[PDB]
């Protein structure tokens, strides 16, 4: 099938050229439709020092149909569900909606964007959306949003130690 060749190619290209702060691996080698994403929060952000885990699941017809992106790590964010599912336009049926030209490198870059600048117009979590808008509008005077972010990050150190990963 074209799927399996397509996926194998994006894999080698992602491993030969990573997206900074993301690491790509198969859950099980010899299944290309399910991936593990290791994600490292950047320095001088509230995600600093943090280690995060997500999974990608690819349909039989990829890249005709968009894959699913879900966090294993628990994340507080206007565009992330309770389940860990990311709501991002490019994963639903301009370059922000899904079509056969799109690829994984693009999805990742799009998520980084979404981590940096949440979509507060059509959020999946509006409690987090309200809280973010409050944090923003207050020019940092409100610490409620940021305190939550710090804690989850601090928690991830247990995941790193448990996985044997050294956090740069």
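Positions refer to the first chain, counted from 1.
Among the other PDB entries of this protein that were compared and that flank it with modelled residues, residue 95 is left unmodelled in a third or more. Deposited sequence between residue 93 and residue 94: 10 or more residues lack coordinates. According to the PDB record, 24-32 carries the higher mean C-alpha B-factor of the two stretches 43-51 and 24-32.
The deposited model assigns a higher average Cα B-factor to 94-102 than to the other stretch when 80-88 and 94-102 are compared. Of the residues listed, 38, 115, 60, 124, the entry assigns the biggest Cα temperature factor to 60. Placement of the Cα temperature factor of residue 120 within the chain: middle third of the modelled residues, per the deposited record. Residue 129: CA B factor in the middle third of modelled residues in this chain (values from the PDB entry). Split the chain's modelled residues into thirds by C-alpha temperature factor. Residue 147 is in the lowest one. Compared with the other modelled residues of the chain, the Cα B-factor recorded for residue 14 ranks in the highest third.
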